[PDB]
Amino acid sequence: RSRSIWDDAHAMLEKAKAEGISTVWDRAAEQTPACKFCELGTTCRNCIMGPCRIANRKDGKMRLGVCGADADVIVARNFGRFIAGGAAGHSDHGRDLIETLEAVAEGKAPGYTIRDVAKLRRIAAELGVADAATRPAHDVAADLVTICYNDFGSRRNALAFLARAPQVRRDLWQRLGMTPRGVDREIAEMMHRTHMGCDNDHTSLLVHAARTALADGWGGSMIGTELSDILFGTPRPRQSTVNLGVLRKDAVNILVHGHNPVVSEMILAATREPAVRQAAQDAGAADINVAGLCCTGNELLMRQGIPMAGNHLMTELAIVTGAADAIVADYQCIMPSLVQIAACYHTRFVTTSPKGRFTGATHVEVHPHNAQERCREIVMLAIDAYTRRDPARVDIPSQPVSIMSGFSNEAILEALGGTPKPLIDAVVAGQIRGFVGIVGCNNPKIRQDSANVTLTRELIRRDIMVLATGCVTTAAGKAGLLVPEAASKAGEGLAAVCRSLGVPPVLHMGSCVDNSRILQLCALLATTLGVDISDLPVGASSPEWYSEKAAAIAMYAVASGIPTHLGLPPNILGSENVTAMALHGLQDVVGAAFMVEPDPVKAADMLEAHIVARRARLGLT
């Protein structure tokens, strides 16, 4: 119960307890207390002269690694590899989008098209493709593919999308040695620098961690966002629903999980073919019901309006309802426990990526050339599993909650009539005091979504508009804050802006990769006003993060000039020097810093105080 604020979770936790199904919360208890040295970051296993631990003991022993490395170096190396794994999670996704677009450009991807040709030509023109407005769309696409691949090579001095950042920002990065040059290159160089006897200076290591994260935010993730919109459509505001109640007892229920629209968009197509709709009827189902999980669910919500069943700590509970007929997983944040919990039921657990292998799963590998054929086979697996569902163990605990989604930057600018001018006018007038992107996961160390939702309500009450991505999407949707009626929960200034646009006070801007949309928006406003991103009344927050991907997002926010709140510290407190740099030193290096505060009200105060400081620097009330 105290594990979550949500009734639908609470009900499924009782159901799981009675059936003796162990959950992430149960295993989190088993791993408590954790190893102290792992939690502090003062442990190293980068060579077998060790493994080493750094201690603060009276006799003086164990203050240095066998190689002589101290706490500062070891902590910074561990944090660098942490960030690099998060950036890698995003880079490989962007790489898959490049490969998908090239297959469409070559005409080798049945059932795929370029859905947004206008955006294709705009992005291609922006990155330097000649005559992108009038040449055949497939040739334009092939040239865009080439530019994107060059960003995954080793010959550029700066990533292609980095030119969106204001000049003052790029100058700073260049002087600091932070300019990201290559998406994979920066990940590789981080792993190199953290090999023993390479980079042994915590400052140097932290700078390359910022460079690696930037290579994600302005590289892997931004390529991923923009190419997804080209292939699958630019999101436009639309209405949908959220929570475990989006599962229907009377339908074939197919859950997509992971991050890859290249599968999920084609699964959705397969369920619309009239022979497939027929086979589910011949199996007894009223319809075929696709619902989203995690980031692929965020993206299907943004682009098609597909309902979202839950966020990260909802994933196990989504199966305990007994109505999940199949989970279609690709990669990232897919808990391996799901395979065991699925085995307690009729549910098919289907993996589709050669990168996302799970011992004991039904592997049906999906690629652009065979996706239309394989996704149909996958949905046929779900309809068979539907026939084997046990009615005595089905309990869909909730009623779904209405939400509005689809706020790409293109839609935001559309709602403002093509210019950011009305937006900037509202901020100058003090109607919107600032903006905070609330992103990041759930973490069983925090009562699920308590901090996410509490921070959101506080911010909008203070006339701070919230941009929601990732797991916060489900949190704010279940709270009722993703509809225009929620204007009544915002302070007077934000409410009046919200009702004049007919938008909610919390704008869903997509998956964790779509945090690149927030970079793009900040950069646009900074460029429009002639100032740095670190002059904008903005902030970021991850009240309940857990993953390396979220830490990379937090790092590229900070390095880009955005104050960034974290509910929980990364494993760095064993070095006061690294800690002090993350919380303070970075402020006069990149114009922003990390804030660690588990009390969401105090988080709101801190985020709001930074916004006020930036308002005054801009000459605003």
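So that there is no doubt, residue numbering starts at 1 and follows the sequence shown.
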{"item": "Between the two ranges 321-329 and 513-521, the one averaging a larger CA B factor in the entry", "value": "321-329"}
{"item": "Residue stretch of maximal mean CA temperature factor, 445-453 vs 547-555", "value": "445-453"}
{"item": "Maximum C-alpha temperature factor, selected from 370, 194, 146, 409", "value": "370"}
{"item": "Highest-ranked of 128, 417, 94, 89 once sorted by CA temperature factor in the record", "value": "417"}
{"item": "Chain-relative CA temperature factor third for residue 216", "value": "lowest"}
{"item": "Third of the chain, ranked by Cα B-factor, where residue 113 sits", "value": "middle"}
{"item": "Third of the chain's Cα B-factor distribution that residue 13 belongs to, per the entry", "value": "highest"}
{"item": "Position of residue 68 among the chain's modelled residues by C-alpha B-factor, lowest, middle or highest third", "value": "middle"}
{"item": "Within-chain third of residue 611 by Cα B-factor, per the entry", "value": "lowest"}
